[PDB]
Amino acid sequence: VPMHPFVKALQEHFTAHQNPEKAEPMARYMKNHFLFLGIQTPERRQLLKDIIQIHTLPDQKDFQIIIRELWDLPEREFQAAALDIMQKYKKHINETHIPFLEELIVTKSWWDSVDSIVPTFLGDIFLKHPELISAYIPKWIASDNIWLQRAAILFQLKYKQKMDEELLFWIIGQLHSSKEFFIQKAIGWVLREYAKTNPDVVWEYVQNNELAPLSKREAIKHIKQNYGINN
């Protein structure tokens, strides 16, 4: 069965505008886990737009198929484009897509893809269906996969006043001993971000609970100005 024509067209059009000179530092930035064509986001967005203008966005029946086929291509720009395309199908994504999103998180995994899946797509789903959080988050924390663990930490990133504080701090407690940079840093990020909404609660938490040095430092990067640094 041939590649979906929309995906074939995108592959052809991206490849015709590849930049091997830029591809080398772009690949180094992601610690050489992926090949790159060398196309940065503004042009990549336009090249996708070109193909949508010519071919139209595929019928929603093929949405998951398109994403998978792009996910399976070697160069990282195709996963970046896949996430752009998923946003165009946003209104069609719901709680039944959580396993599909899980599988994107644990394949071709790195911070660039995972951070574009978790606080937005999964965040929105669990905001609407908070009763489903306990069907997934305990498994993610217990798994060997650091990107599912990072997903558990960051899905509430943008919740602001809708943050479930007890849940957030419980998740962080489960993962606070991790020696993995991407877990320590995710903990720092979500605390720093939530501190923009509720600085008193984050300050109390970090002064009175164990965290990796990196996590605490990142958490209070801004709010330490509000409370001061004791001698």
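One rule holds for the numbers: they count along the sequence shown, beginning at 1.
A summary of the deposited B-factors shows that, of 157-165 and 116-124, the stretch with the larger mean C-alpha value is 157-165. Relative to its counterpart among 39-47 and 56-64, 56-64 has the higher mean temperature factor, C-alpha atoms as listed in the PDB entry.
Listed residues 143, 107, 134, 79 were ranked by CA B-factor as deposited; 143 comes out on top.
Compared with the other modelled residues of the chain, the Cα B-factor recorded for residue 73 ranks in the highest third. Sort the chain's modelled residues by C-alpha temperature factor and residue 27 lands in the middle third, per the entry.
Placement of the Cα temperature factor of residue 103 within the chain: middle third of the modelled residues, per the deposited record. Per the PDB record, residue ranking by Cα B-factor puts residue 184 in the lowest third of the chain. Placement of the Cα temperature factor of residue 206 within the chain: middle third of the modelled residues, per the deposited record.
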